[PDB]
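Asks: So here's structure-v4.cif, just mmCIF, C-alpha atoms; chains and numbers go by the auth columns:
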data_run
#
loop_
_atom_site.group_PDB
_atom_site.id
_atom_site.type_symbol
_atom_site.label_atom_id
_atom_site.label_comp_id
_atom_site.label_asym_id
_atom_site.label_seq_id
_atom_site.Cartn_x
_atom_site.Cartn_y
_atom_site.Cartn_z
_atom_site.B_iso_or_equiv
_atom_site.auth_seq_id
_atom_site.auth_asym_id
ATOM 1 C CA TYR A 1 141.231 0.148 -44.230 0.00 200 A
ATOM 2 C CA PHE A 2 142.660 -0.109 -47.752 0.00 201 A
ATOM 3 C CA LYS A 3 139.925 -1.286 -50.133 0.00 202 A
ATOM 4 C CA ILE A 4 140.846 -2.531 -53.616 0.00 203 A
ATOM 5 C CA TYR A 5 138.123 -3.220 -56.193 0.00 204 A
ATOM 6 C CA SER A 6 139.356 -5.123 -59.261 0.00 205 A
ATOM 7 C CA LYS A 7 137.586 -6.076 -62.505 0.00 206 A
ATOM 8 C CA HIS A 8 139.320 -7.885 -65.402 0.00 207 A
ATOM 9 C CA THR A 9 137.813 -7.771 -68.915 0.00 208 A
ATOM 10 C CA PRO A 10 139.149 -8.336 -72.450 0.00 209 A
ATOM 11 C CA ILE A 11 139.442 -5.021 -74.291 0.00 210 A
ATOM 12 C CA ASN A 12 138.886 -4.692 -78.050 0.00 211 A
ATOM 13 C CA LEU A 13 140.069 -1.062 -78.352 0.00 212 A
ATOM 14 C CA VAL A 14 143.788 -0.698 -77.581 0.00 213 A
ATOM 15 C CA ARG A 15 143.767 3.118 -77.812 0.00 214 A
ATOM 16 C CA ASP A 16 140.942 4.024 -75.408 0.00 215 A
ATOM 17 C CA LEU A 17 138.569 2.691 -72.769 0.00 216 A
ATOM 18 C CA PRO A 18 135.580 0.830 -74.251 0.00 217 A
ATOM 19 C CA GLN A 19 132.208 2.442 -73.667 0.00 218 A
ATOM 20 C CA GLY A 20 130.381 0.135 -71.299 0.00 219 A
ATOM 21 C CA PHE A 21 129.373 -0.600 -67.733 0.00 220 A
ATOM 22 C CA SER A 22 131.687 -2.691 -65.548 0.00 221 A
ATOM 23 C CA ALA A 23 131.093 -3.447 -61.864 0.00 222 A
ATOM 24 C CA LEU A 24 134.224 -3.759 -59.715 0.00 223 A
ATOM 25 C CA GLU A 25 134.158 -6.325 -56.869 0.00 224 A
ATOM 26 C CA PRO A 26 136.397 -5.906 -53.781 0.00 225 A
ATOM 27 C CA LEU A 27 139.220 -8.452 -53.849 0.00 226 A
ATOM 28 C CA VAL A 28 140.183 -7.904 -50.195 0.00 227 A
ATOM 29 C CA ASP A 29 140.069 -5.237 -47.482 0.00 228 A
ATOM 30 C CA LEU A 30 143.252 -4.749 -45.448 0.00 229 A
ATOM 31 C CA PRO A 31 143.920 -2.721 -42.231 0.00 230 A
ATOM 32 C CA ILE A 32 147.156 -0.976 -43.361 0.00 231 A
ATOM 33 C CA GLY A 33 146.285 2.167 -41.328 0.00 232 A
ATOM 34 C CA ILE A 34 148.772 4.419 -43.156 0.00 233 A
ATOM 35 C CA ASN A 35 148.107 7.844 -44.652 0.00 234 A
ATOM 36 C CA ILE A 36 148.660 7.995 -48.423 0.00 235 A
ATOM 37 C CA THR A 37 148.887 11.279 -50.322 0.00 236 A
ATOM 38 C CA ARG A 38 150.775 10.105 -53.452 0.00 237 A
ATOM 39 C CA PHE A 39 151.038 6.878 -55.447 0.00 238 A
ATOM 40 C CA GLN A 40 153.456 5.528 -58.051 0.00 239 A
ATOM 41 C CA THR A 41 153.326 2.619 -60.498 0.00 240 A
ATOM 42 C CA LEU A 42 156.049 -0.016 -60.924 0.00 241 A
ATOM 43 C CA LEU A 43 156.826 -1.262 -64.444 0.00 242 A
ATOM 44 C CA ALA A 44 159.207 -4.133 -65.136 0.00 243 A
ATOM 45 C CA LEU A 45 161.748 -3.055 -67.764 0.00 244 A
ATOM 46 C CA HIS A 46 163.608 -5.515 -70.030 0.00 245 A
ATOM 47 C CA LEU B 1 121.902 -9.904 -35.768 0.00 546 B
ATOM 48 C CA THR B 2 118.603 -10.983 -34.204 0.00 547 B
ATOM 49 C CA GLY B 3 115.470 -11.906 -36.129 0.00 548 B
ATOM 50 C CA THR B 4 112.506 -14.265 -36.080 0.00 549 B
ATOM 51 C CA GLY B 5 111.760 -16.039 -39.342 0.00 550 B
ATOM 52 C CA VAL B 6 111.654 -19.320 -41.198 0.00 551 B
ATOM 53 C CA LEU B 7 115.016 -20.376 -42.646 0.00 552 B
ATOM 54 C CA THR B 8 115.123 -21.941 -46.121 0.00 553 B
ATOM 55 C CA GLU B 9 117.688 -22.731 -48.798 0.00 554 B
ATOM 56 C CA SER B 10 118.474 -19.612 -50.813 0.00 555 B
ATOM 57 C CA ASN B 11 118.256 -19.749 -54.613 0.00 556 B
ATOM 58 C CA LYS B 12 119.666 -16.211 -55.114 0.00 557 B
ATOM 59 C CA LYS B 13 123.391 -16.036 -55.897 0.00 558 B
ATOM 60 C CA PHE B 14 125.763 -14.183 -53.571 0.00 559 B
ATOM 61 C CA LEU B 15 129.240 -13.046 -54.565 0.00 560 B
ATOM 62 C CA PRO B 16 131.981 -14.043 -52.020 0.00 561 B
ATOM 63 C CA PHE B 17 132.257 -10.594 -50.390 0.00 562 B
ATOM 64 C CA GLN B 18 128.447 -10.381 -50.047 0.00 563 B
ATOM 65 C CA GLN B 19 127.097 -11.616 -46.703 0.00 564 B
ATOM 66 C CA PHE B 20 123.594 -10.162 -46.107 0.00 565 B
ATOM 67 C CA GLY B 21 120.599 -9.847 -48.414 0.00 566 B
ATOM 68 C CA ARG B 22 118.576 -6.627 -48.436 0.00 567 B
ATOM 69 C CA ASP B 23 114.820 -6.131 -48.276 0.00 568 B
ATOM 70 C CA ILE B 24 112.917 -2.964 -49.188 0.00 569 B
ATOM 71 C CA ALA B 25 112.500 -1.613 -45.626 0.00 570 B
ATOM 72 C CA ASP B 26 115.680 -1.971 -43.475 0.00 571 B
ATOM 73 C CA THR B 27 115.351 -5.715 -42.860 0.00 572 B
ATOM 74 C CA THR B 28 117.617 -8.600 -43.839 0.00 573 B
ATOM 75 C CA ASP B 29 116.159 -10.713 -46.659 0.00 574 B
ATOM 76 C CA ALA B 30 118.931 -13.340 -46.560 0.00 575 B
ATOM 77 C CA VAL B 31 121.895 -14.325 -44.385 0.00 576 B
ATOM 78 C CA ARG B 32 124.967 -16.448 -45.001 0.00 577 B
ATOM 79 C CA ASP B 33 125.733 -18.713 -42.057 0.00 578 B
ATOM 80 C CA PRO B 34 129.038 -17.779 -40.354 0.00 579 B
ATOM 81 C CA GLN B 35 130.161 -21.312 -39.431 0.00 580 B
ATOM 82 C CA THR B 36 129.398 -22.801 -42.873 0.00 581 B
ATOM 83 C CA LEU B 37 129.244 -20.551 -45.942 0.00 582 B
ATOM 84 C CA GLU B 38 125.797 -21.240 -47.431 0.00 583 B
ATOM 85 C CA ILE B 39 123.162 -18.602 -48.194 0.00 584 B
ATOM 86 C CA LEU B 40 119.868 -18.916 -46.294 0.00 585 B
ATOM 87 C CA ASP B 41 116.686 -17.107 -47.307 0.00 586 B
ATOM 88 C CA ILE B 42 114.764 -15.494 -44.448 0.00 587 B
ATOM 89 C CA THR B 43 110.994 -15.376 -44.673 0.00 588 B
ATOM 90 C CA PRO B 44 108.872 -13.904 -41.851 0.00 589 B
ATOM 91 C CA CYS B 45 106.798 -16.528 -40.055 0.00 590 B
ATOM 92 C CA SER B 46 103.254 -16.843 -41.419 0.00 591 B
ATOM 93 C CA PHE B 47 100.846 -14.175 -40.183 0.00 592 B
ATOM 94 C CA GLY B 48 97.300 -13.625 -41.361 0.00 593 B
ATOM 95 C CA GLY B 49 94.824 -10.976 -40.308 0.00 594 B
ATOM 96 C CA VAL B 50 91.786 -12.566 -38.681 0.00 595 B
#
I'd like the structure from this file rewritten - as structure tokens, please.
Replies:
Amino acid sequence: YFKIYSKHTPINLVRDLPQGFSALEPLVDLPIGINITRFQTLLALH
Amino acid sequence: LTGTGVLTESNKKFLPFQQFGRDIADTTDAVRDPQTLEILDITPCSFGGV
């Protein structure tokens, strides 16, 4: 089961993570049933 | 899940993923109805030592 927990907050400090406590709620849980050893991130490029 | 208790409207807020309330000792404080999504508080039926 792939579980994704997502929290969205406005961030004052562009450079680094703000010190603070944020609780992440699970958006959805999906039965993908696939083994994952690596991940990559897609960025749209102008 | 089987239990015996009075069912009442539940004041406590539940996030959408959350389905069951938790009591101190492995019993369900609150349940959300499966058919219609409203939180119900569970209180054990009145018992008094005599």
Asks: Decode the PyMOL selection byres ((chain B) within 10 of (chain A)) for the given file into explicit residues and return them as a ChimeraX atom specification.
Replies: /B:560-563
Asks: Name the residues that the PyMOL selection byres ((chain B and resi 547-559) around 7) pulls out of this structure, and write them as a list in words.
Replies: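 For this structure, the PyMOL selection byres ((chain B and resi 547-559) around 7) captures residues 546, 560, 561, 563, 584, 585, 586, 587, 588, 589 and 590 of chain B.
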Asks: Which residues, written as a PDB file with C-alpha atoms, in the frame of the given file, have at least one atom at most 10 Å from region 229-234 of chain A, with only C-alpha atoms counted and residues fewer than 3 positions away on the same chain left out?
Replies:
ATOM      1  CA  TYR A 200     141.231   0.148 -44.230  1.00  0.00           C
ATOM      2  CA  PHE A 201     142.660  -0.109 -47.752  1.00  0.00           C
ATOM      3  CA  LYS A 202     139.925  -1.286 -50.133  1.00  0.00           C
ATOM      4  CA  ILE A 203     140.846  -2.531 -53.616  1.00  0.00           C
ATOM      5  CA  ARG A 237     150.775  10.105 -53.452  1.00  0.00           C
TER       6      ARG A 237
END
Asks: Measure the distance from CA of residue 244 (chain A) to CA of residue 214 (chain A) in Å and round it to one decimal.
Replies: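 We find that CA of residue 244 (chain A) and CA of residue 214 (chain A) lie 21.5 Å from each other.
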Asks: Quick one: apply the PyMOL selection byres ((chain A and resi 206) around 9) to the file and drop the selected residues here as number ranges by chain.
Replies: A: 204-205, 207-208, 221-225
Asks: Which value, in Å to one decimal, gives the distance between CA of residue 577 (chain B) and CA of residue 565 (chain B)?
Replies: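 Straight-line distance from CA of residue 577 (chain B) to CA of residue 565 (chain B) works out to 6.5 Å.
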Asks: Could you tell me how far CA of residue 216 (chain A) sits from CA of residue 243 (chain A), in Å to one decimal place?
Replies: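 Here the two named atoms are 23.0 Å from each other.
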Asks: Can we get region 217-239 of chain A of that structure written down with N, CA, C and O atoms, as an mmCIF file, in the first residue's frame?
Replies:
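Resulting contents of part-v7.cif:
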data_model
loop_
_atom_site.group_PDB
_atom_site.id
_atom_site.type_symbol
_atom_site.label_atom_id
_atom_site.label_comp_id
_atom_site.auth_asym_id
_atom_site.auth_seq_id
_atom_site.Cartn_x
_atom_site.Cartn_y
_atom_site.Cartn_z
ATOM 1 N N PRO A 217 11.459 26.166 8.020
ATOM 2 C CA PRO A 217 11.169 26.892 9.260
ATOM 3 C C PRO A 217 11.136 25.938 10.440
ATOM 4 O O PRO A 217 10.656 24.807 10.324
ATOM 5 N N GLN A 218 11.698 26.379 11.564
ATOM 6 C CA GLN A 218 11.589 25.599 12.790
ATOM 7 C C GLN A 218 10.121 25.596 13.203
ATOM 8 O O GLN A 218 9.476 26.649 13.231
ATOM 9 N N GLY A 219 9.591 24.429 13.519
ATOM 10 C CA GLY A 219 8.178 24.343 13.819
ATOM 11 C C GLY A 219 7.661 22.939 13.637
ATOM 12 O O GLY A 219 8.270 22.096 12.978
ATOM 13 N N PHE A 220 6.507 22.685 14.241
ATOM 14 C CA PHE A 220 5.881 21.371 14.221
ATOM 15 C C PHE A 220 4.697 21.361 13.266
ATOM 16 O O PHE A 220 3.747 22.131 13.438
ATOM 17 N N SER A 221 4.758 20.480 12.269
ATOM 18 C CA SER A 221 3.695 20.310 11.289
ATOM 19 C C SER A 221 3.280 18.847 11.265
ATOM 20 O O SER A 221 4.134 17.960 11.181
ATOM 21 N N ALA A 222 1.976 18.599 11.334
ATOM 22 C CA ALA A 222 1.429 17.251 11.271
ATOM 23 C C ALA A 222 0.925 16.982 9.859
ATOM 24 O O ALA A 222 0.155 17.775 9.309
ATOM 25 N N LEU A 223 1.360 15.867 9.278
ATOM 26 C CA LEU A 223 1.027 15.512 7.904
ATOM 27 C C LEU A 223 -0.117 14.503 7.901
ATOM 28 O O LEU A 223 0.003 13.422 8.486
ATOM 29 N N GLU A 224 -1.245 14.863 7.230
ATOM 30 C CA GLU A 224 -2.394 13.978 7.111
ATOM 31 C C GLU A 224 -2.329 13.155 5.826
ATOM 32 O O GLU A 224 -1.851 13.640 4.795
ATOM 33 N N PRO A 225 -2.795 11.901 5.850
ATOM 34 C CA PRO A 225 -2.725 11.056 4.645
ATOM 35 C C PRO A 225 -3.790 11.449 3.630
ATOM 36 O O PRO A 225 -4.986 11.420 3.929
ATOM 37 N N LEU A 226 -3.351 11.870 2.438
ATOM 38 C CA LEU A 226 -4.305 12.249 1.399
ATOM 39 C C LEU A 226 -5.098 11.044 0.910
ATOM 40 O O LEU A 226 -6.332 11.094 0.826
ATOM 41 N N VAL A 227 -4.406 9.940 0.624
ATOM 42 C CA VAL A 227 -5.040 8.723 0.131
ATOM 43 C C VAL A 227 -4.062 7.576 0.349
ATOM 44 O O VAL A 227 -2.857 7.789 0.502
ATOM 45 N N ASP A 228 -4.586 6.354 0.410
ATOM 46 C CA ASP A 228 -3.769 5.150 0.447
ATOM 47 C C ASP A 228 -4.155 4.276 -0.736
ATOM 48 O O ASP A 228 -5.329 3.928 -0.897
ATOM 49 N N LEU A 229 -3.163 3.911 -1.555
ATOM 50 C CA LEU A 229 -3.403 3.187 -2.796
ATOM 51 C C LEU A 229 -2.664 1.852 -2.829
ATOM 52 O O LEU A 229 -1.493 1.775 -2.439
ATOM 53 N N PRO A 230 -3.327 0.779 -3.297
ATOM 54 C CA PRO A 230 -2.717 -0.561 -3.429
ATOM 55 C C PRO A 230 -1.917 -0.769 -4.714
ATOM 56 O O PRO A 230 -2.294 -1.562 -5.584
ATOM 57 N N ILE A 231 -0.792 -0.060 -4.845
ATOM 58 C CA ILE A 231 0.031 -0.159 -6.091
ATOM 59 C C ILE A 231 0.734 -1.522 -6.125
ATOM 60 O O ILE A 231 0.869 -2.078 -7.231
ATOM 61 N N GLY A 232 1.147 -2.041 -4.966
ATOM 62 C CA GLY A 232 1.818 -3.333 -4.861
ATOM 63 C C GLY A 232 3.073 -3.521 -5.690
ATOM 64 O O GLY A 232 3.304 -4.618 -6.216
ATOM 65 N N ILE A 233 3.891 -2.480 -5.822
ATOM 66 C CA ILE A 233 5.119 -2.527 -6.608
ATOM 67 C C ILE A 233 6.286 -2.196 -5.686
ATOM 68 O O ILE A 233 6.131 -1.436 -4.724
ATOM 69 N N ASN A 234 7.418 -2.859 -5.905
ATOM 70 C CA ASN A 234 8.600 -2.597 -5.096
ATOM 71 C C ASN A 234 9.312 -1.367 -5.645
ATOM 72 O O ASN A 234 9.533 -1.258 -6.856
ATOM 73 N N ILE A 235 9.668 -0.437 -4.761
ATOM 74 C CA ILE A 235 10.354 0.791 -5.148
ATOM 75 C C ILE A 235 11.666 0.894 -4.385
ATOM 76 O O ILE A 235 11.667 0.923 -3.148
ATOM 77 N N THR A 236 12.784 0.950 -5.115
ATOM 78 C CA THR A 236 14.076 1.171 -4.483
ATOM 79 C C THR A 236 14.658 2.552 -4.760
ATOM 80 O O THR A 236 15.521 2.995 -4.000
ATOM 81 N N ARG A 237 14.219 3.231 -5.822
ATOM 82 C CA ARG A 237 14.708 4.559 -6.175
ATOM 83 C C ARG A 237 13.532 5.462 -6.539
ATOM 84 O O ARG A 237 12.459 4.992 -6.917
ATOM 85 N N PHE A 238 13.721 6.774 -6.411
ATOM 86 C CA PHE A 238 12.690 7.714 -6.835
ATOM 87 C C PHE A 238 13.353 8.898 -7.525
ATOM 88 O O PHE A 238 14.505 9.237 -7.239
ATOM 89 N N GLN A 239 12.618 9.521 -8.443
ATOM 90 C CA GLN A 239 13.081 10.710 -9.141
ATOM 91 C C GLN A 239 11.963 11.746 -9.157
ATOM 92 O O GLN A 239 10.784 11.422 -8.994
#
